[PDB]
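Chemist: Just so you know, the sequence shown maps onto residues -3 to 187 in my numbering.
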Amino acid sequence: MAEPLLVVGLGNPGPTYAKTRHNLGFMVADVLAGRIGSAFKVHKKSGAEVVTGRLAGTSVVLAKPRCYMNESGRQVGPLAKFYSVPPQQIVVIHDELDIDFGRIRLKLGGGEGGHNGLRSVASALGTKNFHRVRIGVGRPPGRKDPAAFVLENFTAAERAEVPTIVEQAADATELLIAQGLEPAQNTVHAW
């Protein structure tokens, strides 16, 4: 009827760290907005920025937070009620330390493996279990801090494959609308 897909990208506007391994969450949003050709406008209330469009046959709302990890969690809450969301589906792209760098892990709702945003957004609305997009960041480091390793975007092979995996990630996000969950994840893990 008129229910949109709520896409929250875990990627806050940070001058230098928006280009690092932790930009995965923001990548999908930026890419979708990029292919559609629209910029996200500031919602003068919570300080977040959202862009509107249509993916496949459903309204897509790409929402990114103002700043800070904790803030991002409660960013989704007042916004979903702000425009009054008809619950179609909520997609939240985030970092995943347990998954190999370059591939997508799809789980329903909240779970371990990520840091803050993915966990916070679940409690902000109270409704989860849809599509929580986990982009593998590689593996836990042996020397530097795990999060610091996500702050340094350098690798051997997969470091060059970023554009490829990001385009597919954003593209598969639309497939989650048109196809579903099971045949969709099958498509994602077939390559």
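Where a beta carbon is used, it is the ideal one built from N, C-alpha and C, also for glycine.
Where does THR123 fall in DSSP's three states?
Modeler: For this step, residue 123 is matched to residue 127 along the sequence shown. Residue state, collapsed to three classes: coil.
Chemist: Below 7 Å CB to CB, which residues in the same chain sit around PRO136 once its five sequence neighbours on both sides are set aside?
Modeler: The residue you call residue 136 lines up with position 140 of the sequence shown. For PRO136, where only same-chain residues beyond five positions count, the Cβ hits under 7 Å are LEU93, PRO142.
Chemist: From this set, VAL38, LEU75, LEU28, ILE89, which residue's C-alpha is nearest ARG17's C-alpha?
Modeler: As a first step, residue 17 is located in the sequence shown; it is residue number 21 there, counting from the start. Comparing Cα-Cα distances from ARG17 to each of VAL38, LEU75, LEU28, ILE89, the minimum goes to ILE89.
Chemist: According to DSSP, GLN85 sits in a beta bridge with which residue or residues?
Modeler: Residue 85 sits at position 89 when you count from the first residue of the sequence shown. Answer is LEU1.
Chemist: Determine the extent of the alpha helix (DSSP H) in which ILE95 is found, giving its start and end residues.
Modeler: Sequence index remark: in the sequence shown, residue 95 carries index 99 (1-based). Taken as a continuous stretch (DSSP letters only), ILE95 belongs to no alpha helix (DSSP H), as it is neither H nor E.
Chemist: Would you report the Cα separation of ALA186 and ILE95, rounded to the nearest angstrom?
Modeler: The count along the sequence shown starts at 1 and reaches residue 186 at position 190. The count along the sequence shown starts at 1 and reaches residue 95 at position 99. Straight-line Cα distance between these residues: approximately 16 Å.
Chemist: Hey, how far is the Cα of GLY10 from the Cα of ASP26?
Modeler: The residue you call residue 10 lines up with position 14 of the sequence shown. The residue you call residue 26 lines up with position 30 of the sequence shown. If you take the alpha carbons of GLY10 and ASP26, they lie about 14 Å apart.
Chemist: What is the DSSP secondary structure of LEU147, counted as helix, strand or coil?
Modeler: On the sequence shown, residue 147 is found 151 positions in, with the first residue counted as 1. Residue state, collapsed to three classes: coil.
Chemist: Would you mind sorting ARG130 into buried or exposed? The rule is 16 or more other CB atoms within 10 Å of its CB.
Modeler: Translated into positions along the sequence shown, residue 130 becomes position 134. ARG130 should be labelled buried.
Chemist: Note down, in chain order, each residue of its chain lying with its Cβ closer than 7 Å to the Cβ of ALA44, except the 5 sequence neighbours on either side.
Modeler: The residue labelled residue 44 in the question sits at position 48 within the sequence shown. If we look at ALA44 and ignore the five residues flanking it on each side, its Cβ neighbours are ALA59, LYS60, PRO61, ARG62, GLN71, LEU75.
Chemist: Taking 8 Å as the threshold, find out whether the region 170 to 178 comes into contact with the region 109 to 121 through three or more Cβ pairs.
Modeler: Output reads no: the region 109 to 121 does not touch the region 170 to 178.
Chemist: Does DSSP put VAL38 in a helix, a strand or coil?
Modeler: Indexing the sequence shown from 1 puts residue 38 at position 42. Strand, per DSSP.
Chemist: Under three-state DSSP, which class holds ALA186?
Modeler: Taking the first residue of the sequence shown as 1, we reach residue 186 at position 190. Note: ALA186 maps to coil in three-state DSSP.
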